[PDB]
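I have placed the structure first, in the form of structure tokens, so that the comments after it can refer back to it.
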Amino acid sequence: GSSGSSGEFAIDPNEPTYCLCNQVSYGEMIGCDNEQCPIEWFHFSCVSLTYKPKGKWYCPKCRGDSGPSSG
Ligand SMILES: [Zn+2]
Ligand SMILES: [Zn+2]
């Protein structure tokens, strides 16, 4: 990558986005065990991850579904 350049937190229309922060893949990323998941791609730092977990990892968007807006 680039040694260092100001102007972070920017989403370019050139490259797509997956992670929740909607940013271009970078650093370490894992594939949500849930295939159906349209993202199946999230950053570590974002998902408070230090290293590839030796266990099924389900994005915070899948594991948290129960609970509809209205009752
Ligand atoms: Zn992210
Ligand atoms: Zn998922």
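Note that the numbers count up from 1, one per residue, in the order the chain is shown.
Looking at the header, which is where the method is noted, we find solution NMR.
Note: Cβ is positioned from N, Cα and C throughout, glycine not excepted.
According to Swiss-Prot, the feature Zn(2+) 1 binding site maps to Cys19, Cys21, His43, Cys46, an assignment based on similarity to another entry. For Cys21 (Zn(2+) 1 binding site), the same-chain residues 6+ apart in sequence whose C-beta sits under 8 angstroms from its C-beta are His43, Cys46.
Following the DSSP three-state reduction, the secondary structure of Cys62 (Zn(2+) 2 binding site) is coil. Residues or ranges marked as Zn(2+) 2 binding site in Swiss-Prot: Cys32, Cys37, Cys59, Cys62.
Break the cloning artifact (1-7) down by DSSP state and the numbers are 0 helix, 0 strand, 7 coil. What the PDB entry lists as cloning artifact is 1-7 (among others).
Look at the PDB entry and you will find 66-71 (among others) tagged as cloning artifact.
Positions annotated as site 'Histone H3K4me3 binding' by Swiss-Prot, on the basis of similarity to another entry: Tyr18 (among others). For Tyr18 (site 'Histone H3K4me3 binding'), the same-chain residues 6+ apart in sequence whose C-beta sits under 8 angstroms from its C-beta are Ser25, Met29, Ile39, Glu40, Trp41, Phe42.
If you look up Swiss-Prot, you'll see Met29 (among others) marked as site 'Histone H3K4me3 binding', on the strength of similarity to another entry. Counting every protein chain shown, the number of other Cβ atoms lying within 10 Å of the Cβ of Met29 (site 'Histone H3K4me3 binding') is 17.
Swiss-Prot lists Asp33 (among others) with the feature site 'Histone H3K4me3 binding'. The Cβ of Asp33 (site 'Histone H3K4me3 binding') lies under 8 Å from the Cβ of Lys56, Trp57, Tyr58, each of which sits 6+ residues away along the same chain. According to its DSSP assignment, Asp33 (site 'Histone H3K4me3 binding') is coil.
Under DSSP, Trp41 (site 'Histone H3K4me3 binding') is assigned to coil, being neither helix nor strand in the three-state scheme. Look at Swiss-Prot and you will find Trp41 (among others) tagged as site 'Histone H3K4me3 binding', backed by similarity to another entry.
The zinc finger feature in Swiss-Prot is assigned to 16-65; the stated evidence is sequence analysis.
For the recorded site, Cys21 (Zn(2+) 1 binding site), the DSSP three-state label reads coil. Distant neighbours of the cloning artifact (1-7): 26; these residues of the same chain sit at least 6 beyond its ends, with a Cβ under 8 Å from one of its Cβ atoms.
Around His43 (Zn(2+) 1 binding site), taking its Cβ as the centre, 18 other Cβ atoms fall within 10 Å, counting all chains.
Screening the recorded positions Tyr18, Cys19, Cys21, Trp41 for a C-beta under 6 A from any atom of ligand 2 leaves none. Within the group of binding-site residues (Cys37, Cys59, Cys62), the Cβ with the highest number of other Cβ atoms inside 10 Å belongs to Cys59.
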